[PDB]
Structures are given as structure tokens and as C-alpha cells.
């Protein structure tokens, strides 16, 4: 039963014949160093031994990236920041953001930016941090978190994390496999999600990356929200099933007496994101920005949106991250009638994070804040000081704060008696508990050579390729006089436009003319082609946005922000009276804080999204004409190319529905011979299905509209379009198949 032990600074101590690590270096087996004691008794013994700064340092989590020594020429070295974070801020949680991949020959360690690190180099970096954490007085280990890594970027061998379709494609593939085996498409064949999660957990754990910022349980019920690209589905029951499988596969199925799925077999502890559900954004605008503070619920579906989180809580998820949106007129769950959650950001609401999440939904783990939101994105708290903002989060129930690297911030709060020592301790118990249950006090190191053998292994990449082929959804397969168009015929001339690699397409045995020409040069005609292959999407370009510019945010010609958030002080929040200019909600204009010349929080729309006055343009014709949207390749070119072939049924459209884009009848895109929704796949996965080596089997995990009107006109918290006039062009569950 002796758990494997690894110490590279502290000494191994024996007692009762068994072995242990002396992380305190007292020479005695302190109870917290005893792996046989129950974990609540271990933490009780360790928190009793820590100073307030040490316990306050657990409430911080910040970026700690691998570094490169420009003279040593070695990658995977501790950066400067590590010593400060570990020994002075007493931090034990970090975000790992380096890309893991094999650098090309000629890559020199330019001391600038986050270097690309190989799997073995990441593992050595993570081990180094763990060793510094072992050198700490109480040698508490560290935990790294990361955003998702196993997904194809649809706008871009061993060594990198294995590549799967985007989250929505995982849902599409799961639905399609249930449909193939039972003819139905509702809650999905979670065997595909467990197969995905099994690759990720293996590769993540092998580099010492035992935590995640994710996955996202948010529902794609509002199509104008730019974050729909990171959601699995619009259907809460499918998402809840996905969240349950993710937790059971990435964390164990072994739940402790405290209800948390945490064992030494936990490969990745999850921090579910955007509780209680950031999907229903008003006008699709996102809370990262002052104009988009509001989350509205016209169909009364607030309970449906936290349903996925419930199933993950019930499965034993380790951590929860609250969003920064303001619930507007949401009936408090388990409360007297007429009561509405305070018009304050969830990240600051004691009633959501302690009441809804902990008391009503039963959550026993710890709560982890989001980044870049506590100091300058405290909605409902624009009048407050920055320390008051921080105390509202912590007393509201948030235990660790993301993007904070100065422990003096917490102790200044405790000194100013804004936060209690009892709180700093309750936080410490919740934050220390997973480090014990996951076995990190016994062995927090990983073997770097095994990382080379694991990250991107041949079988792992085969599973991702499998899911890519199964994630494609055939939306339209016109039947010619000759027969179906998509099972492509062997041989023929083929015109390509968009992100097709010409040689991989030639390699299937086709003569290919390449429509993708530089801007200046001339583009060959598509006349004569037997098939036209177009891979198309749309992106934002909002980087010019300035809130205080009279041309932009203060431009009356751009209309007014129709969103109204009435504060509990009874006066509207600045700029959110329903009658202000789009840039009026930003602090640099309202200036309702304790800083004289506050900087704008929305300028450049750094995080994504369109110009707010354009966030309802999701049809391709409109996007082509909009200022902050771009169709790629331009819809003008697509339409020329579709004219040059005298039959539009020779056009195959591969569309990446980053949001639920509208194939309007004006665009002509619905006259193509075939239309497919892709969520990220290699060119050979795509050509495999189009050529009939594999048949398409995936189903849409969110409905698609056919009218600009249905987009404006659907309920932000409701899935589908059935409540709209024009309705859904394609519903959830829709999937054609080669017959």
C-alpha cells in the first residue's frame, strides 16, 4: 500500500516500517505527511502549521510559462517569475500556456515571448516548479492548469497533443454514433467522448499538467455570442451528458467521502467554466465588455443552463469557475417569489456562488475566478474600490483568484478586516484537499521520457482522426439525374477555393485548379470543372474599436445600446439605460470609480466579437457588407466561382460554423450541390469522407437558421428556432448520410 514516493529536496522518512516524505524537514512524520490518515485530517494538520501569508498564497493562481535560456540554448527552464511566485507570494497554482510541439530546425531561443516546448521539455519544466515547491518550508506541491489543447484550430505526428475536432464536432460525432447504432439523436453516444477524454488525460498527465480551465458547459442557445465556438451543443441534456462523461474520464469515478472524484488516478482535475451558464448573452454581446454586461432569460431557462454543471457537480468535479455576467430578473432558486438574484456579476454574488452553487446545488469543491475580471470588470461594482471588488468575490464564495501574483493584496484585505481569517482558512481547506487526494504530496513529479512516448502517440492520433471524420455533418446532398453528388466520383477536374491543400487533393487522383490566388495576381476560371470544392468560414475584425472615439463607440450613427440593467441602487448602470451610445458603458467614459483617468476596458475588442452594433449580422450576405465581419474567402469570390461553372450543383461547400451562421437565400450558397458543416479536420479526413472511403455520420449539435429574422427573433436562452416566425433551416439532430 506504500504509495510511490519521489523527493528531490526533502528527505524520505520511515515509520511503522512504511515510507514517507518530510516536507517540513522537522525530522518527524507530521500527520499531513502521513498518507494513511484521512485527507481532512491531513489538511487540518497542515493548515494548522501555515502562517496567514502561506494560506493566503493558495488563493492566487497565475501564468507560469516555460522559458528559454538564450545563451544556454536550452528550452524548458524556469523563468524569472518562478522564484518570486513560489517563495514570496507562496503560490501553488499556475496556468501553463506554452504551446507543446516540435520546434523546426533553426529555432533559436530569442528571449522574447512564450517559447514552443517539446513534451519532454514541458515535463522537465513542470518538474522543476514542483521541486521549488518542495523546497518551500512545508513543501506543498503545485498544480498547473491550462486551457484546452487537443482541438484543431479551423483557421490554421508525435510531439504535439493529438488533434480532435472542435468541441461542437465532438458533440456532432457523439450524436452521429448514437444515431448510427439506434436511429436517434438526443443525448449522444458518450463512448466517443470518453475515447477523446482518454487521449487528453493520458497526454496531459504525462507532462505534469493535472488541471484544466474547462471544459465549457455553456450552452450555444444565443447564436450571436462569439464564444459559441468553444461550446459542445445548445441542448442542455446533451451537454450535461458530455460533462458527466468528461468528469468521469478525466477525473476518476472514485468519489471521496466528500463527494469529489479525486484519486491518484485523477489525470486531469477539471475547473468547469462560466457557471451558472454564460451562454444566454443579450444581443450576443459578451460580459468581457462594458456594453455586454447583461445575461437575459426570456424563456425562463436559467435552471436548464446550469443543468450541465449539476451533472458535473454530481460526478464529483473538482472546481467551478463563475462568469462575469449580470443575471437580469432571475428568480432566485429555492427562494420566496418575486426575489431576483442581485444585478451584480455572478463572480461577485454570494447568492450564486455560495447559495445557488454550494447550498442549493450541493457543490463541495473549491471555486476559481476568471482572469482579467476582478479589478476592472466588476459589474454592479463600478463604484467600488479594487480591494472592495476583491473582497466581494472572496466573501461571495470565490476561493482562488486568477491573474493575481501579489499575496500582499489578500493580506491587505485581511488587515483592513474586509476578509476574515476563517474565510482565508475555509479557502485553504478547499484548495489543499485536491492536492492530497490526487497524490501530489507523495509524488508530484513526472517522467519526461514517458511524455515523449505519450504525447501524440500513433494510436492517440488515430482516435482524433476517427472523431474528425465522424464530426462532419452532411447538410445537403442534391440528387442529380446521374445520382447523389457527394459520394465523389473517382477522377475529374477539381477547382479548389479556401483552405484546401492542393497537393493533398491532387493525391486523391484529381487534376486541380487552385482558385486561391494572391490579391494582385489573376484567378483562373472555374469553368469546365466537374467538381468545385469550397471551404469557407467567417471571422471578426473589430481591432479598431475605441469606446471613447466619436467615430466608433460615441458615434450616434451606430445607434444605441438597447440593453437595460437597473441596479439595485435603482439607477441604471452607466451606459446601460437603453438609450446611450455603445461606448458609454465603458469606465473611460462613465468614470464612476476611484481612478481619475481610467483606461478603457473594451478598446480593440481584444477577446473576440464584432462591433456591438453588428453582433446580429450572422448571414453571409450581411457579413460581407459589414465593417467588422469578413467572409473567408470573400462571398464575392464564392459567387463569381459559383457562376463560372454553369451547374451550381458541382459546388461542394465545406462551412466552418464558428457561430451558427445563416445560409441566406440571397447568397446563393444554398444552390451548391452539397453543403457540409465541419468543426475542424485534416484535409485527408475531409477528402476521405467526400470520396466515399468513409461516409458522413455526424449530426448538428445546434440548429441553424436560414433567415436574418430568426436570429434577431429567437430567445437568447432557448435552443433552436421553433418559437420563431421563419424557423430553423436545419434542426438539432439533423444529419444526412450516403445512402
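Positions refer to the first chain, counted from 1.
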| query | finding |
| --- | --- |
| Absent coordinates between residue 156 and residue 157 - deposited residues affected, binned into four classes | 4 to 9 |
| Segment of higher mean CA temperature factor, 34-42 or 671-679 | 34-42 |
| Stretch with the greater mean C-alpha B-factor as recorded in the entry, comparing 161-169 against 412-420 | 412-420 |
| Peak C-alpha temperature factor (PDB record), options 100, 179, 655, 205 | 179 |
| Out of 466, 198, 490, 218, highest CA B-factor residue | 490 |
| Residue 436 CA temperature factor, ranked by third within the chain | middle |
| Record-listed C-alpha B factor of residue 70: chain third | highest |
| Among modelled residues of the same chain, the CA temperature factor third for residue 318 | lowest |
| Entry-reported Cα temperature factor of residue 95, expressed as the chain third it lands in | lowest |
| Residue 225 by Cα B-factor - lowest, middle or highest third of the modelled chain | lowest |
